[PDB]
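# What the coordinates show
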Amino acid sequence: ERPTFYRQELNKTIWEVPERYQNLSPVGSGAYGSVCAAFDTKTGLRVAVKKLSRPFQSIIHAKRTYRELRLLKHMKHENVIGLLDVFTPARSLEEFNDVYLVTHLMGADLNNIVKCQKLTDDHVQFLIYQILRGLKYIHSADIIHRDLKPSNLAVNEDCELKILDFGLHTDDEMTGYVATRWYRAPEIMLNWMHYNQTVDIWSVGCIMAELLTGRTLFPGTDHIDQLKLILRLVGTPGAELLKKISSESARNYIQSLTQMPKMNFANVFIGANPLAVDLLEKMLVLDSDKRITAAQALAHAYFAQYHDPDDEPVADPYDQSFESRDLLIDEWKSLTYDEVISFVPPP
Ligand SMILES: Cc1ccccc1C(=O)c1c[nH]c(C(=O)NCc2ccco2)c1
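Per the deposited record, determination of this structure is attributed to X-ray crystallography, with the resolution reported as 1.890 Å.

What follows is the structure in structure tokens.
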């Protein structure tokens, strides 16, 4: 039943939230809205409360509000950000106009760790183990992240990690010397083909490299510069991959480059644990069909210390038949409402 809400101006707008949430402090905007840290007095947790920015302004907005909610409602894994609460001050569909999402707030992201302390090989094991464990889960529900990078990894005081912003940039946001593109699989970066979940394993290799060396693995100054950084390391594509690049235009550009062999990763990653080098070669394969999967990677010797086949769970089935559905604003909105109304908090 309905808790009492209180109002306050934050981030230049009125936030109206249940009493349980106290000490709301703006912490900068996230995916499609402003975020505040809060103390949840009912659970004792430090939480992130996101107020969605104009969630039903357009069809595109309405459907992405519905999508984010559906996604967050489905995720129930230690290494994936789940939904602690969702609420609206509206008392009926007629007055439904705002959506607030509540999740765990961790001390920092991986960006802050990568810059602010030295990572032992053990820290790299633990962190990558945790990303692959959440990724096996995500992938098992047939969801793709597409945008895995250190700023989408929430890490706490004890190096416990949660993945954020799965299954959700403008051409301008992908332009130039920008982290928003440094972790992207080449096939998605230059639209070579119909892409799948394997793109995610590529980003994991980029992240792992960077934890090991302290440096961005492919800090391209633009798409072409980055492509060259990638090809230098992994080699130009062979005949078999060229056929799978179904963009004739892109296939043709690729073919204009002088062929290069795959470099020796032991000389690229000097000092690195040999098991880590091996895993990097298995993740950083240009042919996406041949990259190691998350499930397979968890069973790689590098994670012997953490691997436990009985505690690496799969997801319940995720119905995203809505993705290919054409609905009006008021219909995505009604659907969203039903999802808010029927939310049951975690146990
Ligand atoms: C992903 C999400 C869904 C609903 C509400 C908020 C958010 C969100 O952007 C977010 C949730 N947790 C974190 C988080 O823990 N980030 C790590 C962090 C804290 C301070 C700096 O980085 C972000």
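When the parts come together, some accessible area is lost, and that loss is often what is quoted as the size of the interface. Here the chain is partitioned into domain 1 (1-107 + 315-344) and domain 2 (108-314). Contacts between the two partners involve 22 residues from domain 1 and, on the opposite side, 25 residues from domain 2. Between domain 1 and domain 2 lies a buried interface of about 2,100 Å² when both sides are counted; carbon and sulfur atoms form 60% of it. Contact with domain 2 buries surface across domain 1, with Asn79, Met106 and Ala315 losing the most and accounting together for 32% of the total. Our count for the contact surface shared by domain 1 and domain 2 stands at one salt bridge. Put simply, domain 1 and domain 2 have 13 residue pairs in polar contact between them. In the side of domain 1 that touches domain 2, the residues fall into ten nonpolar, six polar and six charged.

Attention shifts here to the sheet that holds strand β10 (residues 161-163). Here three strands make up an open sheet; going across it, the order is β8-β9-β10 and the pairing antiparallel. Among the strands making up the open sheet, the edge pair consists of β8 (108-109) and β10. In this sheet, β10 lies alongside strand β9 (residues 153-155) in antiparallel orientation, the contact comprising three bridges. Residue pairing for β10: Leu153 is matched across the bridge by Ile163. Across the sheet, helix α3 (residues 121-140) touches β9 and β10, and the angle it forms with β10 is around 35 degrees.

A few words on the UniProt feature "active site" in the chain. As recorded in UniProt, the feature "active site" lies at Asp165. With respect to the helices and strands, the residue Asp165 is situated in the loop between β10 and α4 (179-182). Not counting chain neighbours up to four residues away, the residues in contact with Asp165 comprise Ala31, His145 and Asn152.

So, about the site of the ligand. Taken together, 13 residues lie near the ligand, and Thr103, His104, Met106, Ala108 and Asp109 sit nearest. Taking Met106, its main chain carries an N or O atom lying 2.8 Å from an oxygen atom of the ligand. With respect to the ligand, the backbone of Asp109 contributes an N or O atom lying 3.4 Å from an oxygen atom. Compared with its free state, where it exposes 520 Å², the ligand has 83% of that area covered by protein. Of all the secondary-structure elements, those providing two or more residues to the shell around the ligand are β5 (45-52), β7 (100-104) and β8. A class-by-class count of the residues in the shell around the ligand yields eight nonpolar, three polar and two charged. When residues of the shell around the ligand are assigned to domains, at least three map to each of domain 1 (1-107 + 315-344) and domain 2 (108-314).

So, about the pattern of salt bridges. Across all of its chains, the model carries 18 salt bridges by this definition. For the salt bridge of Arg20 with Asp40, the shortest nitrogen-to-oxygen distance reads 2.5 Å. Of this pair, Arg20 sits in the loop between β2 (13-18) and β3 (21-26) while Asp40 is found in strand β4 (residues 33-40), placing the two residues 20 residues apart along the sequence. Judged by relative accessible area, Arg20 falls into the buried class, the value being 15%.

The five strands are arranged β3-β4-β5-β7-β6 in an open sheet whose pairing can be described as antiparallel. Strand pairing shows two members of the sheet lacking a second neighbour, β3 and β6 (85-87), which therefore form its edges. The average undirected angle you get between the axes of adjacent strands in this sheet is 25 degrees. One ladder, built from three bridges, connects β6 with β7; its direction is antiparallel. In the strand pairing of β7, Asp85 is matched with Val102.

Taking 1.5 Å per residue as the helical rise, helix α6 (residues 198-213) with its 16 residues ought to reach 22 Å, and the 24 Å between its terminal C-alpha atoms agrees with that figure. In terms of burial, α6 is largely enclosed, as 14 of its 16 residues are buried. Residue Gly214 follows α6 closely and has a positive phi angle near 80 degrees.

To continue, consider the nonpolar core. With 90 residues, the main nonpolar core has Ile128 and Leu132 as its most contacted residues. Counting only domains with at least three residues in this core, you end up with domain 1 (1-107 + 315-344) and domain 2 (108-314). Excluding residues that lie within four positions of it along the chain, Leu132 makes contacts with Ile201, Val204, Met283, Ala294, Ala297, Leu298 and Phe303.

Rules behind the numbers
Note on numbering: positions run from 1 along each chain as its sequence is written and may not match the entry's numbering; residues without coordinates are not listed. Hydrogens and water are ignored here; the side-chain numbers use all heavy atoms of the structure. Either an automatic procedure or a domain database provided the assignment from which the domain bounds are taken. Here, residues are in contact when the closest pair of their heavy atoms is within 4.5 Å. What counts as buried area is the accessible surface, traced by a 1.4 Å probe, that two parts surrender upon association, with contributions from both included. Salt bridge criterion: a side-chain nitrogen from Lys or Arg within 4 Å of a carboxyl oxygen from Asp or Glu. Here a polar contact is recorded for every N or O atom pair within 3.5 Å, except that within protein the pair must consist of a potential hydrogen donor and a potential acceptor, and residues adjacent in sequence are included only if both atoms are side-chain atoms. Any residue outside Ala, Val, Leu, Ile, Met, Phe, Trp, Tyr, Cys, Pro, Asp, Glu, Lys and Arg is labelled polar, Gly included; the first ten of those are nonpolar and the last four are charged. By this definition, two strands are paired if DSSP reports at least two bridges between them. By the criteria applied, helices consist of DSSP H or I runs no shorter than four residues and strands consist of E runs no shorter than two, each listed in order from the N terminus. To obtain an axis, a line is fitted to C-alpha atoms, over the contacting stretch when the element is a helix, and the angle between two such axes runs from 0 to 180 degrees between their N-to-C directions. UniProt positions are given in the numbering used here, feature names are shortened, and annotations may be inferred rather than shown by experiment. For this purpose, a residue is taken to be near a molecule or strand whenever a single non-hydrogen atom of the residue falls within 4 Å of it. Surface accessibility in these figures is a Shrake-Rupley result with a 1.4 Å probe; residues are shielded only by whichever protein chains are displayed. Working definition: with a 1.4 Å probe on protein chains only, accessible area under 20% of the residue-type maximum means buried, over 50% means exposed, and in between means partly exposed. Here, expected helix span is obtained from the residue count minus one, scaled by 1.5 Å. As used here, the term nonpolar core means buried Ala, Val, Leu, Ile, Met, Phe, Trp, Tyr and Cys residues forming a set that is joined through side-chain atoms within 4.5 Å.

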